[PDB]
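Novice: Structure: model25.cif, mmCIF, C-alpha atoms.
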data_query
loop_
_atom_site.label_atom_id
_atom_site.label_comp_id
_atom_site.auth_asym_id
_atom_site.auth_seq_id
_atom_site.Cartn_x
_atom_site.Cartn_y
_atom_site.Cartn_z
CA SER M 1 -12.39 -23.74 15.38
CA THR M 2 -9.30 -21.89 16.54
CA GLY M 3 -5.79 -21.13 15.36
CA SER M 4 -2.56 -20.31 17.15
CA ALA M 5 0.63 -19.18 15.45
CA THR M 6 3.95 -17.89 16.74
CA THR M 7 5.04 -14.51 15.48
CA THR M 8 8.76 -13.72 15.42
CA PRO M 9 10.72 -10.48 15.17
CA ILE M 10 12.62 -10.28 11.84
CA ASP M 11 15.68 -8.83 13.53
CA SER M 12 17.22 -7.82 16.87
CA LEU M 13 15.26 -4.58 17.11
CA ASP M 14 11.77 -5.90 16.36
CA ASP M 15 11.64 -3.88 13.12
CA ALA M 16 8.69 -6.12 12.14
CA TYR M 17 7.21 -9.54 12.88
CA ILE M 18 6.68 -12.56 10.67
CA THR M 19 4.21 -15.37 11.15
CA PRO M 20 4.21 -18.61 9.15
CA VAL M 21 1.22 -19.16 6.86
CA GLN M 22 0.39 -22.31 4.89
CA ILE M 23 -0.92 -21.64 1.41
CA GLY M 24 -2.07 -24.19 -1.13
CA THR M 25 -2.03 -27.96 -1.50
CA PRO M 26 0.52 -29.23 -0.74
CA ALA M 27 1.17 -26.46 1.72
CA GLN M 28 3.60 -23.73 0.75
CA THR M 29 4.73 -22.02 3.91
CA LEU M 30 5.44 -18.31 3.71
CA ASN M 31 6.36 -15.93 6.51
CA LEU M 32 3.89 -13.06 6.39
CA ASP M 33 3.68 -9.75 8.15
CA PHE M 34 0.32 -9.75 9.95
CA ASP M 35 -0.97 -6.26 9.50
CA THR M 36 -4.05 -4.98 11.37
CA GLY M 37 -3.58 -1.75 9.42
CA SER M 38 -4.40 -3.19 5.99
CA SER M 39 -6.75 -5.73 4.47
CA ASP M 40 -4.89 -7.49 1.63
CA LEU M 41 -3.23 -10.89 1.90
CA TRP M 42 -0.47 -10.71 -0.70
CA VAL M 43 2.61 -12.75 -1.36
CA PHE M 44 5.80 -12.85 -3.32
CA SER M 45 5.12 -15.35 -6.05
CA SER M 46 6.39 -17.09 -9.14
CA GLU M 47 4.78 -14.14 -10.94
CA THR M 48 6.86 -11.51 -9.16
CA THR M 49 9.29 -9.62 -11.37
CA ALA M 50 12.50 -11.62 -10.94
CA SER M 51 14.78 -8.65 -10.17
CA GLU M 52 12.36 -7.66 -7.38
CA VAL M 53 12.81 -10.98 -5.56
CA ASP M 54 15.84 -11.24 -3.29
CA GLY M 55 15.66 -14.08 -0.78
CA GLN M 56 11.91 -14.25 -0.19
CA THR M 57 10.02 -17.51 -0.28
CA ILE M 58 7.53 -17.40 -3.15
CA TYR M 59 4.09 -18.83 -3.70
CA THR M 60 3.82 -20.82 -6.93
CA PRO M 61 0.08 -21.26 -7.59
CA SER M 62 0.70 -23.67 -10.46
CA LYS M 63 2.15 -26.13 -7.89
CA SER M 64 -1.03 -25.90 -5.78
CA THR M 65 -3.85 -28.24 -6.74
CA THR M 66 -6.35 -26.01 -4.90
CA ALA M 67 -5.19 -22.74 -6.49
CA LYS M 68 -7.61 -21.05 -8.86
CA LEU M 69 -7.08 -17.83 -10.75
CA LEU M 70 -9.71 -15.30 -9.75
CA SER M 71 -10.58 -14.19 -13.26
CA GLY M 72 -10.10 -10.55 -14.05
CA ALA M 73 -9.09 -9.62 -10.52
CA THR M 74 -6.17 -7.32 -9.80
CA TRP M 75 -4.86 -5.51 -6.77
CA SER M 76 -2.62 -2.59 -6.01
CA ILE M 77 -1.81 -1.22 -2.60
CA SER M 78 0.25 1.69 -1.32
CA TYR M 79 1.20 1.84 2.35
CA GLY M 80 1.56 4.90 4.53
CA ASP M 81 5.32 4.36 4.75
CA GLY M 82 5.60 4.77 1.00
CA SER M 83 5.94 1.13 0.04
CA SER M 84 3.71 -0.55 -2.59
CA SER M 85 2.90 -3.74 -4.48
CA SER M 86 0.44 -5.01 -7.07
CA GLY M 87 -0.57 -8.06 -9.05
CA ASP M 88 -3.32 -10.58 -9.75
CA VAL M 89 -5.38 -12.86 -7.50
CA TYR M 90 -5.87 -16.54 -6.81
CA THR M 91 -8.14 -18.26 -4.40
CA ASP M 92 -6.51 -21.04 -2.42
CA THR M 93 -6.52 -22.77 0.93
CA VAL M 94 -4.77 -20.78 3.63
CA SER M 95 -4.06 -22.01 7.12
CA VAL M 96 -2.69 -20.09 10.11
CA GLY M 97 -1.65 -22.03 13.21
CA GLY M 98 -4.12 -24.84 12.52
CA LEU M 99 -7.00 -22.69 11.36
CA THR M 100 -7.95 -23.23 7.73
CA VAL M 101 -9.86 -21.09 5.28
CA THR M 102 -10.79 -22.40 1.86
CA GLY M 103 -11.27 -19.98 -1.03
CA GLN M 104 -9.15 -17.25 0.53
CA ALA M 105 -8.06 -14.56 -1.90
CA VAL M 106 -4.28 -14.85 -2.18
CA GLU M 107 -3.03 -11.78 -3.91
CA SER M 108 -0.03 -12.60 -6.06
CA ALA M 109 2.59 -9.90 -6.50
CA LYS M 110 3.77 -9.15 -10.02
CA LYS M 111 5.41 -5.94 -8.76
CA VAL M 112 6.78 -4.89 -5.37
CA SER M 113 8.61 -1.73 -4.31
CA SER M 114 12.25 -1.77 -3.31
CA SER M 115 11.64 -1.83 0.47
CA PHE M 116 9.86 -5.17 0.01
CA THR M 117 12.57 -6.59 -2.24
CA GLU M 118 15.23 -5.48 0.27
CA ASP M 119 13.37 -7.21 3.14
CA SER M 120 14.42 -10.85 2.55
CA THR M 121 12.54 -11.96 5.67
CA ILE M 122 9.00 -10.87 4.75
CA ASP M 123 7.32 -13.00 2.10
CA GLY M 124 4.16 -10.92 2.09
CA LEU M 125 1.44 -9.35 4.22
CA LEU M 126 -1.69 -10.78 5.80
CA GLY M 127 -4.11 -7.95 6.36
CA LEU M 128 -6.35 -7.93 9.44
CA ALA M 129 -8.04 -4.55 9.18
CA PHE M 130 -11.60 -4.43 7.85
CA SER M 131 -12.37 -5.91 4.45
CA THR M 132 -13.77 -2.56 3.29
CA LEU M 133 -10.12 -1.58 2.67
CA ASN M 134 -9.31 -4.60 0.52
CA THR M 135 -7.88 -3.37 -2.80
CA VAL M 136 -8.92 -6.23 -5.08
CA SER M 137 -10.77 -5.01 -8.17
CA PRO M 138 -13.38 -5.22 -9.60
CA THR M 139 -14.62 -7.52 -6.83
CA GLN M 140 -13.46 -6.65 -3.30
CA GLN M 141 -12.19 -9.66 -1.34
CA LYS M 142 -12.47 -10.63 2.33
CA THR M 143 -9.64 -10.87 4.84
CA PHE M 144 -8.52 -14.15 6.32
CA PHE M 145 -10.20 -13.21 9.61
CA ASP M 146 -13.45 -12.18 7.91
CA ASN M 147 -13.55 -15.52 6.07
CA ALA M 148 -12.74 -17.45 9.26
CA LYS M 149 -15.01 -15.55 11.69
CA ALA M 150 -18.17 -17.62 11.38
CA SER M 151 -16.20 -20.80 12.03
CA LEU M 152 -14.27 -19.49 15.02
CA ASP M 153 -15.35 -20.45 18.54
CA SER M 154 -15.40 -16.67 19.19
CA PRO M 155 -15.15 -14.01 16.49
CA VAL M 156 -11.86 -12.65 17.79
CA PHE M 157 -8.14 -12.69 17.22
CA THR M 158 -5.45 -11.60 19.67
CA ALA M 159 -2.01 -10.09 19.22
CA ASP M 160 0.64 -10.90 21.78
CA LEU M 161 3.86 -9.40 20.36
CA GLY M 162 7.09 -10.05 22.20
CA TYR M 163 9.83 -7.58 23.03
CA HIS M 164 13.01 -8.88 21.44
CA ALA M 165 11.25 -12.25 21.50
CA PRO M 166 8.62 -14.35 19.81
CA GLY M 167 4.94 -13.85 20.54
CA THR M 168 1.62 -15.19 19.42
CA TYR M 169 -1.37 -14.56 17.20
CA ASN M 170 -4.45 -16.45 18.27
CA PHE M 171 -7.67 -16.81 16.35
CA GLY M 172 -10.99 -17.70 17.86
CA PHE M 173 -10.14 -17.68 21.57
CA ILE M 174 -8.63 -15.65 24.36
CA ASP M 175 -5.75 -17.29 26.19
CA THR M 176 -6.46 -16.27 29.77
CA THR M 177 -2.91 -17.33 30.77
CA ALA M 178 -1.23 -14.83 28.41
CA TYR M 179 -1.99 -11.66 30.36
CA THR M 180 -2.15 -10.29 33.86
CA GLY M 181 -5.10 -8.54 35.46
CA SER M 182 -8.17 -7.95 33.31
CA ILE M 183 -8.76 -6.98 29.71
CA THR M 184 -10.13 -3.48 29.35
CA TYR M 185 -12.30 -3.13 26.31
CA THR M 186 -12.73 0.10 24.44
CA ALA M 187 -14.91 1.29 21.56
CA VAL M 188 -13.88 0.92 17.94
CA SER M 189 -14.81 2.98 14.93
CA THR M 190 -14.65 1.09 11.64
CA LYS M 191 -15.50 4.23 9.59
CA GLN M 192 -11.96 4.37 8.10
CA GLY M 193 -11.59 0.59 7.84
CA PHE M 194 -9.17 0.45 10.76
CA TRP M 195 -9.19 -0.77 14.32
CA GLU M 196 -9.61 2.83 15.40
CA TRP M 197 -10.06 3.71 19.04
CA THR M 198 -9.52 6.51 21.55
CA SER M 199 -6.82 6.35 24.17
CA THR M 200 -7.66 8.17 27.36
CA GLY M 201 -4.25 9.85 27.77
CA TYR M 202 -0.59 9.33 28.57
CA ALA M 203 2.26 9.62 31.04
CA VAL M 204 5.99 9.99 30.59
CA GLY M 205 8.15 7.93 32.91
CA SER M 206 6.99 8.35 36.50
CA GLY M 207 5.15 11.58 35.67
CA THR M 208 1.53 12.43 36.20
CA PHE M 209 -1.04 10.97 33.85
CA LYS M 210 -2.40 13.50 31.37
CA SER M 211 -6.05 12.86 30.65
CA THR M 212 -6.62 13.62 27.00
CA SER M 213 -8.36 11.87 24.11
CA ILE M 214 -6.01 10.43 21.52
CA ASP M 215 -7.78 8.88 18.51
CA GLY M 216 -5.64 6.32 16.75
CA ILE M 217 -5.41 2.87 15.23
CA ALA M 218 -4.11 -0.41 16.62
CA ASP M 219 -1.69 -1.38 13.87
CA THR M 220 0.52 -4.45 14.09
CA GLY M 221 1.96 -3.56 10.67
CA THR M 222 3.49 -0.32 11.86
CA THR M 223 6.68 -0.70 13.88
CA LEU M 224 6.67 2.48 15.94
CA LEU M 225 4.27 4.52 18.04
CA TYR M 226 3.07 7.65 16.23
CA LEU M 227 1.39 10.28 18.38
CA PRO M 228 0.62 14.02 18.27
CA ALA M 229 3.68 16.27 18.30
CA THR M 230 2.72 17.71 21.69
CA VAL M 231 2.78 14.25 23.27
CA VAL M 232 5.97 13.24 21.52
CA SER M 233 7.77 16.44 22.48
CA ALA M 234 6.83 15.86 26.11
CA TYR M 235 8.36 12.37 25.93
CA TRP M 236 11.66 13.26 24.34
CA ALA M 237 12.04 16.32 26.57
CA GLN M 238 12.80 13.80 29.32
CA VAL M 239 15.78 12.34 27.46
CA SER M 240 18.93 14.44 27.71
CA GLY M 241 20.22 15.22 24.25
CA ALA M 242 17.16 13.99 22.38
CA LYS M 243 16.18 16.06 19.37
CA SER M 244 14.11 15.96 16.23
CA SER M 245 16.34 15.45 13.22
CA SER M 246 14.81 16.36 9.88
CA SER M 247 17.80 14.79 8.11
CA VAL M 248 17.29 11.46 9.89
CA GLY M 249 13.49 11.83 9.78
CA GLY M 250 12.44 11.81 13.40
CA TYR M 251 13.50 11.99 17.02
CA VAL M 252 16.96 10.70 17.73
CA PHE M 253 18.58 10.33 21.15
CA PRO M 254 22.03 9.53 22.52
CA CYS M 255 22.52 5.80 22.51
CA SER M 256 24.01 6.19 26.03
CA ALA M 257 20.60 7.26 27.40
CA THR M 258 18.32 5.29 29.66
CA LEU M 259 14.89 5.89 28.21
CA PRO M 260 11.85 6.61 30.35
CA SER M 261 8.72 4.50 30.04
CA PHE M 262 5.57 5.72 28.32
CA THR M 263 2.11 4.95 29.59
CA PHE M 264 -1.04 5.11 27.50
CA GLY M 265 -4.60 4.94 28.75
CA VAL M 266 -7.20 2.44 27.80
CA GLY M 267 -10.36 3.61 29.56
CA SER M 268 -9.38 3.71 33.25
CA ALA M 269 -6.53 1.23 32.68
CA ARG M 270 -2.91 1.87 31.84
CA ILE M 271 -0.45 0.13 29.53
CA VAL M 272 3.18 0.82 30.37
CA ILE M 273 5.71 0.73 27.55
CA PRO M 274 9.18 0.18 29.10
CA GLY M 275 11.82 2.61 27.97
CA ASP M 276 13.90 -0.14 26.38
CA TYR M 277 10.98 -0.79 23.97
CA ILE M 278 11.53 2.73 22.57
CA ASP M 279 15.18 2.20 21.48
CA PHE M 280 15.56 1.28 17.80
CA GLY M 281 19.29 1.45 17.85
CA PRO M 282 21.88 3.45 15.95
CA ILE M 283 20.70 5.54 13.00
CA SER M 284 23.55 4.01 11.03
CA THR M 285 26.01 1.27 11.84
CA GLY M 286 28.49 2.57 14.36
CA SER M 287 26.62 5.74 15.24
CA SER M 288 26.10 6.87 18.83
CA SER M 289 22.84 8.51 17.82
CA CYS M 290 19.88 6.16 18.24
CA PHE M 291 16.47 6.26 16.63
CA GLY M 292 13.44 6.75 18.82
CA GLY M 293 10.46 4.44 18.90
CA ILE M 294 8.01 7.21 19.65
CA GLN M 295 7.59 9.60 16.75
CA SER M 296 5.28 12.40 15.67
CA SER M 297 2.15 11.56 13.70
CA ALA M 298 2.05 15.09 12.30
CA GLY M 299 1.98 14.69 8.54
CA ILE M 300 0.72 11.08 8.68
CA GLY M 301 -2.79 12.30 9.39
CA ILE M 302 -3.51 9.60 11.93
CA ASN M 303 -2.10 8.44 15.26
CA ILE M 304 -0.77 4.91 15.15
CA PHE M 305 -0.46 2.52 18.06
CA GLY M 306 2.10 0.35 16.35
CA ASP M 307 4.23 -2.51 17.63
CA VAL M 308 6.04 -0.32 20.20
CA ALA M 309 2.73 0.14 21.98
CA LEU M 310 1.00 -3.11 21.16
CA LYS M 311 3.92 -5.29 22.24
CA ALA M 312 3.47 -3.90 25.79
CA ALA M 313 0.00 -5.46 25.83
CA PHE M 314 -2.19 -8.42 25.18
CA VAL M 315 -4.51 -7.06 22.52
CA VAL M 316 -7.94 -8.43 21.67
CA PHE M 317 -9.31 -7.63 18.27
CA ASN M 318 -12.98 -8.35 18.83
CA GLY M 319 -14.72 -8.75 15.50
CA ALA M 320 -18.23 -9.11 16.90
CA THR M 321 -21.07 -7.32 15.13
CA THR M 322 -20.00 -4.21 16.99
CA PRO M 323 -16.24 -4.52 17.03
CA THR M 324 -14.16 -3.52 20.06
CA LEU M 325 -10.56 -3.63 21.21
CA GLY M 326 -9.29 -5.04 24.45
CA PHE M 327 -5.99 -4.34 26.18
CA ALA M 328 -4.40 -6.14 29.11
CA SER M 329 -0.96 -5.87 30.67
CA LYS M 330 1.15 -8.99 30.51
#
Please re-express this file's structure in C-alpha cells.
Specialist:
Amino acid sequence: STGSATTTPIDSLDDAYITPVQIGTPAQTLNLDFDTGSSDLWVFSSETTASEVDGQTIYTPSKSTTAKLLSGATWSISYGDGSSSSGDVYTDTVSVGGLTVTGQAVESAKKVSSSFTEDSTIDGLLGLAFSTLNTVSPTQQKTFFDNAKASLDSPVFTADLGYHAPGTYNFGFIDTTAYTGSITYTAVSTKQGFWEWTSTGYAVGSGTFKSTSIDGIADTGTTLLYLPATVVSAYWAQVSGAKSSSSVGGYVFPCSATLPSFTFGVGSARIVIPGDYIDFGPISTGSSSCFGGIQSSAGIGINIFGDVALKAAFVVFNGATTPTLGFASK
C-alpha cells in the first residue's frame, strides 16, 4: 500500500504545516502537524477543556463506530518549545492520503497549553519519530508509520515541504519526479528516538564550504533551523545589521536585507537553503526588524534541522531495519 497527502503552510511565513488526516468511521478529518520530532498522534477532541478550544476541529470518538477507549491509558507530552498537552487514548481507524491503519492509538486531549489553543489551524500532531518516544502509559503505543510499515510497498515516508506553498508527505514510495539529481543517504542513530544524523558541514552564501560534523535531527515539527552558535554567528555576520536580541529571543535582522543562502552537507552532497527561506518576517506587526530562520541551538541541547532546512530538500525517512535518511535537491 501507499499514501500521499498534501501538506500546507498554516500562514504566509510557513510557521508550520498541516496535513489532513481521516479519523474514525465515518471519517472525521482533522488537520494535523506531522512531526518527525515526536511520536504521539494526538488531537483536539470533544474531551478537550472547552476554554482551551478556539477554532480547532475536534475529534468526537463517541460519533465514531470504530472508536474504542484504550482502557487505563493516558498520555502527557511536553515539547522542546515549551508547549504541552495530555489526555486519554482511543484506538480508531486513521487514514492519511489513502493509506489506512486500523487500531491506531488516537490520543485525545483533555488539556492543551495556550500555544495550542491560540493556534486555530492545528487540530493536533501526528508523530513520526520512533515509537520508543511515545508517551502513552502504562502501555506505549506505536506511531502511524510504525503501524503502517509492514503494509507499505517500501518501509519509507518522504517529506517534501514547500516554500510559501503546499508540499507533500508520501508513505510507502519514493516519487522519483519530486526531486532533481540523486538522493544521498546518510546514517541515522535512533538512540534518542529521533531521526538523528550527522551533517558534513556548511557554507554561508557563496562562501567556502566548512567541513565539520554537525549532529542533529530531521524535524518537520520544528519551524526553524537550530545550529551551533559558531555556525549561526558566521551566518548572521554576513547580514548587515543582524544581531542577537535576548529580548526578542534570537537573531533579528533588518527587514530591508537580502539574506544570503545557507548550504548544509549531506555526505558529499549539498542542500542549498535560499536566503528568502530564512526570513520569518517582522518581530511584531509593523516592525522593520525581522526574525531570522537560522537560530542558535545553544541551550536546546540538540541541533535541529527543522522546516527551514528540510523544505529545501526532498527528504526520505527510511524506516528499514537499519533506518537511514536521504536528501535530494528539488
Novice: Which residues would end up in the selection if the PyMOL selection byres ((chain M and resi 133) around 6) were applied here, given that I need the answer as a list in words?
Specialist: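 When the PyMOL selection byres ((chain M and resi 133) around 6) is applied to the shown file, the picked residues are residues 39, 131, 132, 134 and 193 of chain M.
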Novice: Could you expand the PyMOL selection byres ((chain M and resi 91-93) around 7) into the explicit residues it covers here, written as a short mmCIF file (atom, residue, chain, number, x, y, z; two decimals) with C-alpha atoms, in the frame of the given file?
Specialist:
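The result, stored in part06.cif:
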data_model
loop_
_atom_site.label_atom_id
_atom_site.label_comp_id
_atom_site.auth_asym_id
_atom_site.auth_seq_id
_atom_site.Cartn_x
_atom_site.Cartn_y
_atom_site.Cartn_z
CA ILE M 23 -0.92 -21.64 1.41
CA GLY M 24 -2.07 -24.19 -1.13
CA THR M 66 -6.35 -26.01 -4.90
CA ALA M 67 -5.19 -22.74 -6.49
CA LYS M 68 -7.61 -21.05 -8.86
CA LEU M 69 -7.08 -17.83 -10.75
CA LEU M 70 -9.71 -15.30 -9.75
CA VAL M 89 -5.38 -12.86 -7.50
CA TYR M 90 -5.87 -16.54 -6.81
CA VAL M 94 -4.77 -20.78 3.63
CA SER M 95 -4.06 -22.01 7.12
CA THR M 100 -7.95 -23.23 7.73
CA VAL M 101 -9.86 -21.09 5.28
CA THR M 102 -10.79 -22.40 1.86
CA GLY M 103 -11.27 -19.98 -1.03
CA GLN M 104 -9.15 -17.25 0.53
CA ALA M 105 -8.06 -14.56 -1.90
CA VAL M 106 -4.28 -14.85 -2.18
#
Novice: So which one's closest to residue 2 in chain M, M:207, M:98, M:87, M:72? Using all atoms listed in the file, please.
Specialist: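 Going through M:207, M:98, M:87, M:72 one by one, the smallest distance to residue 2 in chain M is for M:98.
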Novice: Residues at most 8 Å from residue 180 in chain M, counting all atoms listed in the file, excluding those fewer than 2 positions away in the same chain, as a PyMOL selection string?
Specialist: chain M and resi 177-178+182+328-330
Novice: Can you work out which one of M:234, M:32, M:266, M:272 has the shortest atom-to-atom distance to residue 17 in chain M, counting only C-alpha atoms?
Specialist: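 Closest candidate: M:32.
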Novice: I need every residue sitting at most 7 Å from the point (6.4, -20.0, -9.3) (coordinates as in the file, only C-alpha atoms considered), written as JSON, numbers by chain.
Specialist: {"M": [45, 46, 47, 58, 59, 60, 61, 62]}
Novice: Decode the PyMOL selection byres ((chain M and resi 5) around 6) for the given file into explicit residues and return them as a PyMOL selection string.
Specialist: chain M and resi 4+6+97+168-169
Novice: Assuming 8 Å of padding per side, give the centre and edge lengths of the axis-aligned box around every listed atom of range 248-262 of chain M, in Å to one decimal and as lines of an AutoDock Vina configuration file.
Specialist:
center_x = 14.8
center_y = 8.2
center_z = 20.1
size_x = 34.4
size_y = 23.5
size_z = 36.6
Novice: Any idea what the distance is between CA of residue 154 in chain M and CA of residue 20 in chain M?
Specialist: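 Computing it gives 22.1 Å between the two atoms.
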Novice: Which residues come within 9 Å of residue 238 in chain M, counting only C-alpha atoms, excluding same-chain residues fewer than 4 positions away, as a CSV table (one decimal) with C-alpha atoms, in the coordinates of the input?
Specialist:
chain,number,residue,atom,x,y,z
M,204,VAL,CA,6.0,10.0,30.6
M,205,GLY,CA,8.2,7.9,32.9
M,233,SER,CA,7.8,16.4,22.5
M,234,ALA,CA,6.8,15.9,26.1
M,242,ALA,CA,17.2,14.0,22.4
M,259,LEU,CA,14.9,5.9,28.2
M,260,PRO,CA,11.8,6.6,30.4
Novice: List every protein, DNA or RNA residue that has at least one atom no more than 6 Å from (0.9, 1.4, 16.6) in the file's coordinates, counting only C-alpha atoms, and write the result as a VMD selection string.
Specialist: chain M and resid 218 to 219 222 224 to 225 304 to 307 309
Novice: Hey, which of M:51, M:245, M:285, M:200 ends up closest to residue 264 in chain M? Count all atoms listed in the file.
Specialist: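 Distance minimum relative to residue 264 in chain M lands on M:200.
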Novice: CA of residue 181 in chain M and CA of residue 128 in chain M, how far apart in Å?
Specialist: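 Computing the Euclidean distance for CA of residue 128 in chain M and CA of residue 181 in chain M yields 26.1 Å.
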Novice: With distances taken over only C-alpha atoms, which residue among M:199, M:65, M:38, M:158 lies nearest residue 130 in chain M?
Specialist: M:38
Novice: Report, in Å with one decimal, the straight-line distance from CA of residue 55 in chain M to CA of residue 124 in chain M.
Specialist: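 Between these atoms lies a distance of 12.3 Å.
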Novice: Which of these residues is nearest to residue 321 in chain M, using all atoms listed in the file: M:86, M:170, M:190, M:117?
Specialist: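 Smallest distance to residue 321 in chain M is found for M:190.
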Novice: I want to know what sits within 8 Å of residue 215 in chain M, based on only C-alpha atoms, with residues of the same chain fewer than 5 positions away left out; could you give that as a PDB file with C-alpha atoms, in the coordinates of the input?
Specialist:
ATOM      1  CA  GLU M 196      -9.610   2.830  15.400  1.00  0.00           C
ATOM      2  CA  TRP M 197     -10.060   3.710  19.040  1.00  0.00           C
ATOM      3  CA  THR M 198      -9.520   6.510  21.550  1.00  0.00           C
ATOM      4  CA  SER M 199      -6.820   6.350  24.170  1.00  0.00           C
ATOM      5  CA  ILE M 302      -3.510   9.600  11.930  1.00  0.00           C
ATOM      6  CA  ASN M 303      -2.100   8.440  15.260  1.00  0.00           C
TER       7      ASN M 303
END
Novice: Within 9 Å of range 228-231 of chain M, counting only C-alpha atoms, which residues qualify if same-chain residues fewer than 6 places away don't, as a list in words?
Specialist: residues 202, 214, 295, 296, 297, 298, 302 and 303 of chain M
